[PDB]
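Okay, so here's just one chain, in C-alpha cells, the form deposited in one PDB entry.
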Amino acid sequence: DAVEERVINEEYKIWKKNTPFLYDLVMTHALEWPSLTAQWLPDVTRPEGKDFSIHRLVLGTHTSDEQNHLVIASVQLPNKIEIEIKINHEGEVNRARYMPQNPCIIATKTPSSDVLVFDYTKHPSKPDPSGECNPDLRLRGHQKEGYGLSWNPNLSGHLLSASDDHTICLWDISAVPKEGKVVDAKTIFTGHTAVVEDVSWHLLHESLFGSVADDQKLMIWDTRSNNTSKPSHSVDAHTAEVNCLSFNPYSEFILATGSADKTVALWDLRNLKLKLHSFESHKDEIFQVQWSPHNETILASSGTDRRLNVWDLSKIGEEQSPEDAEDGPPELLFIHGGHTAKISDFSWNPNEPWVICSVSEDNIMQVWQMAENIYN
C-alpha cells in the first residue's frame, strides 16, 4: 500500500499549475533511459541574430539491458533538447564528469568498479553497433562500483574516485597518452570504514580534498601526507550516512555535506569541531549537494524526497512571518517540486545564472530557472 504515488501525482498537479509564478523557465524532457549523472559543459555558443544559445550537458544512461551510453545533449536556452553524441559504455553510467582543463575529456564511473576516461571527439556520433566499449583510458584500483568522482582543477590529470569498497583511488593520467591502456591507481586512501559515497578536490588548494562515507564521517585529506590510512581531519558530520559534499568556489574555507539524516551541514575548514549550520527541510535522504557558480551564498541540494532545495546562507537567522515560518526556515530560498521521482543528480548552468538541470529516476530531465523576483 505504497500510494506515495497518489501524494506525488497531486503535488505535481499543483506544481504544474504554479510553474508561471515561481519559474522564469521550465523545460521538461523524457529520456529514453534515466540518467544518474548530469553536468553542464562549460562551452556555450550564441548564434548571431538569434534569441537562444546552445548549451551542452554530460549525461549517461541507466538501462536494464546491455546498451548503455555516455550521452552529450545540447540545450537551446533563451537569451529544444536533443542528443548529440552517444558513446558505448560498459554498464550504466554511475557518474560522468568532464576535465576542467580539457572539457573534451570525460571520466565515468562504471558498475565493474573501473573508472573510464573518454575523449568524445575521438568517437563517432553514432555508437559502435558491435557493442564494444573502447575507453581512451581504463583506470583500475577499485573492487566495487562507486559514485564519487572529482577532477583536480589545479593539478591537471589528477582524478579521485570514491567506491563502495571503502577506498578512495587517485590517478595521475597527465603523462599517460589516452590510447585505451589500463592505468593503475597512484594512491589509495583507506581512512573510511564503510562505503565512500563522494569525494571532491578543494577548488583552490591542489593538495586538499574531502570525502564522505557511510560511516557518517567527513574526512579532509592532504596528498602531501605520507599516511594514506588516516586523513588530516575526521569529522562526525551527521547522524546517518553522508552521500555528498561540495566545496564553495568563492569561499576557500567553506564546504557543505548532504546526508541520509535529511540535512545539509555547513563546514569551515578552519574549525571542523563545530558544524557551522544545519539546513533542514528535506523530508528524505539527500543524494547531491552543489554550490552556485555565481553566488557565494547560494547552495542547492537534492535527493530521495523528489525535491531540490535552494538555500541562501545570507538569510540565516532572519526574522520571518509566522505563516512564512510554516513554509520553512528563512535560509530556504526555493523548493523545486517538478520531479515525480527521486532526483539522481543536478547541475548549475555555469553560463546562465540560476538555470539548473536536474535528472530523476523516471527518465525525466528538467532544465529550469526560478522566478527572478524570488532571488532578486
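Only the largest set of C-alpha atoms that superpose within 1.5 Å between the two forms is called the rigid core. All residue numbers refer to positions in the sequence shown, first residue = 1.
This protein has a second form, the form deposited in another entry, left out of what is shown; the following refers to that one.
Looking at CA displacements between this form and the one not shown with the core superposed, a shift of 2 Å or more is confined, among 206, 222, 172, 136, to 136.
The Cα shift for residue 148 between this form and the one not shown, taken after rigid core superposition, is smaller than 2 angstroms. Between this form and the other one, the CA-CA gap for residue 290 and residue 140 widens by 3 Å or more, being larger in the other form. One change in the other form concerns residue 136 and residue 153, whose Cα atoms lie at least 3 Å farther apart than in this form.
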